[PDB]
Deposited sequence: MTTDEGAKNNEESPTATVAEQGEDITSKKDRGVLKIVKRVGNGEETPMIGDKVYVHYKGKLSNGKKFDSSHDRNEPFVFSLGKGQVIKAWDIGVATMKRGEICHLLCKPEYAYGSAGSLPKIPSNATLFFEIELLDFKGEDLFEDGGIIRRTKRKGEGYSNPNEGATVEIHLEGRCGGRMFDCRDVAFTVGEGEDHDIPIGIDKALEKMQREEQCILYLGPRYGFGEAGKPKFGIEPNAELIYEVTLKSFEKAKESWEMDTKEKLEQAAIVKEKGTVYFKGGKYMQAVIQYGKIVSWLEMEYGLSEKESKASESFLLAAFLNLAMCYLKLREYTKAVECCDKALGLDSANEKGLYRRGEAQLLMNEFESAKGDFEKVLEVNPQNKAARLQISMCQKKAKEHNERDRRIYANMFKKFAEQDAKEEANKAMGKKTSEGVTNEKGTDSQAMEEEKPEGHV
């Protein structure tokens, strides 16, 4: 590959080109075999908005097979390439975590939630470095080691020996609380450089026998609750969710395990509903309450919770009932009057807008 007048592995690249010995915004990913070697090698050396020329040998193009009709068998291709722009890969199609690969890794697998990993971590805020260490920890629980949830999430998409830069938006960094020990203000954007050195996966649900699932459920219900008290709801949701995950579908259990299994679920479902309430994620609440109810149709906490949430979603009717059913069993009433009050207000508002629109 000879060149004549910077994107990173995995970046989204935008270019304009002409290729003569046959082809004339073309967007692909750099570093992946999506284009010929010459390009992956070439483009990797352009600064944005630049234009170059490349004499590519078959060895770096379509080799001896060529691409008939167009590209002959031993073709040495020439290229005029224009790098219009390029951006990092958005791990969760939401701009929350932008990754840019420094060094490909190796491996058939990736860390899962619950996996223990050993990484090198370098993190800064506004240019300032506040973290540079080797760390061993549990995916999903990095909070225990002063690591923001974004790193745990990114790790699930990395390989052994991979090194990348991760840009974490507010929703994946330390959040509203900020991180005092690091001099990190509320909802700050963070930048980390991470190298996954090794990792051992946690067992998938189907790989644990009933006995193990029940021992671990007790351990994580507790760990969830500790997090819950500390106001780390996100971490709690993760801990309680294992319980829903490890038991919700079990069967063929003995009466002794079946009761213990049920007991665990019902609680994991009521705790999540409370967790999601704190997280102002109402639909999740109602879902977790729904499950709770499907187990214990006359559950007090269940119905109340389904209520608080449905009210918060302007689902006044549905909410009215939940509290009523709460009364038909054992703050409900004050809330009951609340629904009606808020429902009235809601329709005045609905009528006002429609009229104004």
| property | result |
| --- | --- |
| Deposited sequence positions missing from the model - stretches, numbered from 1, in order | 1 to 32, 38 to 45, 62 to 66, 70 to 75, 382 to 385, 413 to 457 |
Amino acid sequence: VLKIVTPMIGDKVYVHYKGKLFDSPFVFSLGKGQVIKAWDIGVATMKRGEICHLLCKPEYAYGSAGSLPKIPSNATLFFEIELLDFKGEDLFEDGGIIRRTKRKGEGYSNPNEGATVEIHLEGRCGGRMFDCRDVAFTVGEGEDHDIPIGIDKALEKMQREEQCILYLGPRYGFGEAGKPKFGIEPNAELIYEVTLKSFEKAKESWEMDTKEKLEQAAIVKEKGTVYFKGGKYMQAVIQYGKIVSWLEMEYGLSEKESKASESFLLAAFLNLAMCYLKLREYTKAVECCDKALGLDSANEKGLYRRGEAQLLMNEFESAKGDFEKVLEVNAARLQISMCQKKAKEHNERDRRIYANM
From here on, numbers count along this sequence of modelled residues.
| query | finding |
| --- | --- |
| Of 50 to 58 and 308 to 316, the one with larger mean CA B-factor | 50 to 58 |
| Per the entry, higher mean C-alpha B factor between 85 to 93 and 114 to 122 | 85 to 93 |
| Deposited CA B-factor, highest of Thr225, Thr76, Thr210, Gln235 | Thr76 |
| Identity of residue with top Cα B-factor, from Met249, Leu168, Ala154, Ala202 | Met249 |
| For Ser109, the third of its chain into which the C-alpha B factor falls | highest |
| Cα B factor band for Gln159 (lowest, middle or highest third within the chain) | lowest |
| Third assignment of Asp131 from its chain's C-alpha B-factors | lowest |
| Chain third (lowest, middle, highest) by recorded CA B-factor, residue given as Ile243 | lowest |
| Where the record places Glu80 (Cα B-factor, split into thirds across the chain) | highest |
